[PDB]
Each structure stands twice: as structure tokens, then as C-alpha cells.
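>>> this block holds the first chain(s) of the complex, placed as they are in the complex; more will follow:
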Amino acid sequence: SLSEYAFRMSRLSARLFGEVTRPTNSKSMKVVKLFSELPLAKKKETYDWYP
Amino acid sequence: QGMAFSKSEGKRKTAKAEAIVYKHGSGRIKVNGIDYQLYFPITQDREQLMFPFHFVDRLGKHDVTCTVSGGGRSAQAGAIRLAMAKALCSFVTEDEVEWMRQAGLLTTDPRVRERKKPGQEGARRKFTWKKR
């Protein structure tokens, strides 16, 4: 629902701000989330829960 | 411009209002920059804005600019009523101010929502006493 000018302008802003440049569906975007944070089992609240 | 005016505030539930009543005017009222009949489409709310000026026989004699935030539509009309009544006391005689006080136009309504307590359904509503 974007013009060719708006689409090319959004791809340009994505490359400058380090976002995903290729067209990626919502399912595949979970890969980005998985590696953008620490897994729950690696958080200090998790593995150091008990004294 | 040298036009005399008075200012006051009012509170009703969670609504807070601040009114500026000019000594002279044509009866215009602006609420957040909007005409009062456009801001208060409900007639009961407009009747509350009429109460102070009508009780002292001053409909169409003052211009008012008020700002109100918080609360619902009826609470905002109530906060504006109290704010305009307080500011209007500057342009009436002492005897007229005492009549407005005895008419309940200058008192802050202390009735606010009561908290819910634990172990019951509402502020007073209890859970059903289970059938024995």
C-alpha cells in the first residue's frame, strides 16, 4: 500500500538504521528477536535464582 | 485590553477546571477553545453551566473561557460549574454571594469513588453468602 518512492525510501532508511532490508514475513522475524536478546535460561535471574 | 475579569478553579471527582469570567460579555462560554454547546452535547451538562448565572439573574452578561481535564462528561460540567460560580462571586453583591453559598453553588462536592476492598465484590457489594 506504498508508492514506489515511499517503498524505496523505506528500504533506504532500513539500511542506514541497520534494520532488516529484505522482505521478511512475521514468522521469519522471530529469528531476529531470538538473537537480539539473551535466552531466558541465560538471564542471571534464571540460573542464579537460588542462593 | 483593559477588560476586567476574575479567575477561579473547581474540582469534581477526578475533573479539574479553571474558569476566567469577564465582567462584561454577551454570554459566550468557551470550553478548551470550543463553544459550550459543541463541547457539552448532553443537555444536562449545559443546564449545569446555566445554574450559576441564572441563579443570580446574569444570563447573557458575561463571557467565560474555561479549561477542564480529567473525569467524565458530567464531572467536567460539575467542575466548570464550581469554577464559574467562584469567579462570578467577584461581580455580585455580598448578599448575592451568601445566597449562592446557601444554594450549594460554592461547595466542593466531596463524593469521590470508594476503593474496592479485598474479600468482597465491590466497595460495599459483598460476595454471595453461599447457600447453606
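Good, I have the coordinates. Residues are numbered from 1 along each chain as shown, chains lettered A, B, ... in the order given.
>>> all the helices of chain A, residue numbers only.
A:4-16, A:29-36, A:44-47 (DSSP state H).
>>> closest to residue B:89 out of the ones you listed?
helix A:4-16 (58.6 Å; CB to CB). C-beta: built from backbone N, CA, C; applies to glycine.
>>> who touches that closest one?
Outside helix A:4-16, the residues that touch it by CB atoms under 8 Å, 6 or more residues apart in numbering or on different chains are A:2, A:19, A:20, A:21.
>>> ok, stretch A:33-41 next?
A:46, A:47.
>>> and that stretch, end to end?
16 Å (CA to CA, to the nearest Å).
>>> flag every buried residue along that stretch.
Within stretch A:33-41, no residue is scored as buried using 16 or more other CB atoms under 10 Å in any protein chain shown.
>>> how deep is residue A:24 tucked in, by neighbour count?
11 (other CB atoms under 10 Å in any protein chain shown).
>>> okay if I get the contacts of helix A:4-16 as a markdown table plus neighbour count?
Formatted as a markdown table, those follow (neighbours: other CB atoms under 10 Å in any protein chain shown):
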| residue | neighbour count |
| --- | --- |
| A:2 | 9 |
| A:19 | 11 |
| A:20 | 12 |
| A:21 | 10 |
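>>> what about residue 8, how many neighbours?
Using chain A here. Residue A:8: 10 neighbours (other CB under 10 Å).
>>> chain B was what I was after
20.
>>> how would you label residue B:67: helix, strand or coil?
Here residue B:67 is recorded as strand under DSSP: H, G, I helix; E, B strand; the rest coil.
>>> in the longest helix along chain B, what counts as buried?
In chain B, taking DSSP H as the definition, the longest helix is helix B:73-88. Within helix B:73-88, the residues scored as buried using 16+ other CB under 10 Å are B:74-88.
>>> who touches the next helix or strand after it?
Per DSSP states H and E, the first helix or strand lying C-terminal to helix B:73-88 is helix B:94-102. For helix B:94-102, the surrounding residues in contact (CB under 8 Å, 6+ apart) are B:52, B:55, B:56, B:85, B:88, B:89, B:92, B:106, B:107.
>>> now the residues you listed: which count as buried?
B:52, B:55, B:56, B:85, B:88, B:89, B:106.
>>> how far away is the third one from residue B:62?
Using CB to CB, to the nearest Å, one obtains 10 Å as the distance from residue B:56 to residue B:62.
>>> let's add chain C too:
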Amino acid sequence: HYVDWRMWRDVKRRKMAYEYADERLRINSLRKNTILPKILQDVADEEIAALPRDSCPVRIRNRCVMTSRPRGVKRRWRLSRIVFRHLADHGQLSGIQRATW
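Chain C, in position alongside the others:
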């Protein structure tokens, strides 16, 4: 010297989950997308399913760190409601008080 055997089992689950976290993360990324071939994703499904059961983070339980109570625990202090109240009611929890309003 943990409170009970159930706490000791959760201690071991948290330790094993920490050791396999990176491996499980990498294998899961292969499964959570529509880009890679199904043939490769089906192999990744079998690989993560073959890891030890106690490496799965959903099996970790937030137990009271002093009594091992599995429910009624406040996450911020990691204490059961009973132990929390004991400390709070003796004025030993900084800034915590009874609420009246």
C-alpha cells in the same frame, strides 16, 4: 543442603538449561522461519528433540528460595507469601509497609 529434593531437582534443571541454552537457541532459529527448506527444518526438529529433557526451560519452576514452596511466590523477592510476610511484618524489608487507603 538445599531445602528438599524438589528444590535440588530444580537446581539441576537450571544448571542444565544454562549449559544447553546456546545450542537450543541456534537449533530453534533454524525451525522458526519460512526461509530454510523443510528438509533442513525437519532435521532440526529431531535434533532439538534429542537433547536432554532437563535442558528445556519450560520445566524450570520458580520456587521459594527459603522454603521451596512452588506456588504463592513473589518474583521480585523470590519468597513465598508466608516467608515474605514474616520478614515484612518484622520491619526487615526496606521500605515495605502495610497498605491502608
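>>> same question on the neighbour count of residue A:24, but with chain C included?
14.
>>> try residue A:4
7.
>>> same check on residue C:6?
Residues near residue C:6, counting by other CB under 10 Å: 13.
>>> and chain A, which residues reach chain C?
A:25, A:27-28, A:30-31, A:34-35, A:39-42, A:46-47, A:49-51 (CB under 8 Å from any CB of the partner chain).
>>> closest to residue C:78 out of those?
Distances from residue C:78 to the residues of chain A next to chain C, taken by CB to CB, are shortest for residue A:49, at 6.5 Å.
>>> wait, the closest one sits on residue C:64?
No - the criterion here is CB atoms under 8 Å, and residue A:49 misses it with residue C:64 at 10.5 Å.
>>> let me see the contact set for residue 31.
No chain was given, so I picked chain A. By CB under 8 Å, 6+ apart, the neighbours of residue A:31 are C:29, C:32, C:33.
>>> wrong one, I was asking about chain B
So residue B:31 contacts B:39, B:40, B:66, B:67, B:68, B:80 (CB under 8 Å, 6+ apart).
>>> name the helix or strand for residue C:91, please.
When the helices and strands are read off by DSSP H and E, none of them contains residue C:91.
>>> for residue A:48, see how far away the most centrally placed residue in chain A is.
Geometric centre of chain A, nearest residue: residue A:32, 3.9 Å, by CA atoms, centre = their mean. As judged by CB to CB, residue A:32 and residue A:48 stand 28 Å apart.
>>> next, give phi and psi for the residue in chain B that chain A sits nearest to.
Taking CB to the nearest CB as the measure, chain B has residue B:118 as its residue closest to chain A, at 28.8 Å. Main-chain dihedrals, residue B:118, degrees, to the nearest 10: phi -70, psi 140.
>>> quick check: it vs residue B:112, distance?
Taking CB to CB, one finds residue B:118 at 20 Å from residue B:112.
>>> which bits of chain C sit near chain A?
Counting by CB under 8 Å from any CB, the residues of chain C that sit close to chain A are C:2, C:7, C:10-11, C:14-15, C:17-18, C:20-22, C:24-25, C:28-29, C:32-35, C:57, C:60, C:62, C:65, C:78.
>>> how does it look with 6 Å?
C:14, C:17, C:18, C:21, C:25, C:29, C:32, C:33, C:34, C:35, C:57, C:65 (CB under 6 Å from any CB of the partner chain).
>>> confirm that the last one sits in a strand.
Think residue C:65. No - read with three-state DSSP, residue C:65 is coil and lies in no strand.
>>> extend the structure above with chain D:
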Amino acid sequence: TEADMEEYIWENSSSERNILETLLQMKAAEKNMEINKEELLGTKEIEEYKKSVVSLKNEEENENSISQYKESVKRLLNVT
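Following on from the chains above, chain D is added here:
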């Protein structure tokens, strides 16, 4: 495109295309052959009309801007 612009421009717009087409029909009704674009779009009335349309498009619409636009259209359409 025009939808990508964040500031309205009167040149090569529907407003310019519509007002020009109207003035040509008026000249034909008067049986006048002065159909030069540069002459029609060079009068002071078109400058007031252009100034009024740009204000309605780029600034907040209000009763004073609608009245200014009204007086510029009445002069171009010979509505007195």
C-alpha cells in the same frame, strides 16, 4: 508522486488544471480568442486564487481561510 509530497504545490495540480479549463470555457462563451495560458495564469486574480488554495492545503483550515478562498473564486468566475 503528489501523494509523497508533504507540502502542497499549486503548479501542475488539479487546482491549476481545473481553474484553467474553466477560464477557457468562459472565454469561449464570450467568443474571445485570447486563449494564451501565460496570459490567463498571469493576472492578479489567479495569484490571489493560488495564494488561497495553498493556504487551505498547507495551513490549518479555518473560517478566515475559507472566506479568503471564497472572494478569490468569485472574482475569477465573475460572481458579484
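>>> what do you get for the contacts of stretch A:33-41 once chain D is counted?
Applying CB atoms under 6 Å, 6 or more residues apart in numbering or on different chains, the external contacts of stretch A:33-41 come out as A:46, C:17, C:18, C:21, C:25, C:29, C:57.
>>> setting aside sequence neighbours, what's the nearest residue to residue B:78?
residue B:12 (3.5 Å; CB to CB, 6 or more residues apart in numbering or on different chains).
>>> list the contacts of the one you found.
B:75, B:78, B:79, B:109.
>>> against chain C, how distant is it?
Residue B:12 is 21 Å from chain C, where distance means CB to the nearest CB, to the nearest Å.
>>> now do the phi/psi pair for that residue.
According to degrees, to the nearest 10, residue B:12 has phi -150, psi 110.
>>> what do you get for the one 3 residues further on?
Main-chain dihedrals, residue B:15, degrees, to the nearest 10: phi -90, psi 140.
>>> any idea what it is bridged to?
residue B:12 (DSSP bridges).
>>> I'd like to know how many residues surround it.
Counted with other CB under 10 Å, residue B:15 comes out at 21.
>>> from residue B:78, how far off is it?
Taken as CB to CB, the span from residue B:15 to residue B:78 is 7 Å.
>>> ok, now residue A:8?
For residue A:8, the distance to residue B:78 - CB to CB - is 55 Å.
>>> same check on residue B:39?
Distance from residue B:39 to residue B:78, by CB to CB: 14 Å.
>>> in three-state terms, label residue D:24 for me.
Relying on three-state DSSP, one would call residue D:24 helix.
>>> ramachandran coordinates for the residue lying closest to residue B:119 once chain neighbours are set aside?
Distance criterion CB to CB, 6+ apart; nearest residue to residue B:119, sequence neighbours excluded, is residue B:127 at 7.6 Å. Dihedral angles of residue B:127 (phi, psi; degrees, to the nearest 10) stand at phi -70, psi 150.
>>> what residue in chain D comes nearest to chain A?
residue D:4 (4.9 Å).
>>> is it true that the residue nearest to residue B:119 touches residue B:121?
Yes - if you go by CB atoms under 6 Å, residue B:127 and residue B:121 touch, sitting 5.4 Å apart.
>>> span of stretch C:32-46 from start to end?
So stretch C:32-46: terminal residues 14 Å apart, CA to CA.
>>> same thing with stretch B:7-26?
18 Å.
>>> and it, how far from the chain's centre?
Counting by CA atoms, centre = their mean, to the nearest Å, stretch B:7-26 is centred 8 Å from the centre of its parent chain.
>>> try stretch C:44-51
With CA atoms, centre = their mean, you get 21 Å for stretch C:44-51.
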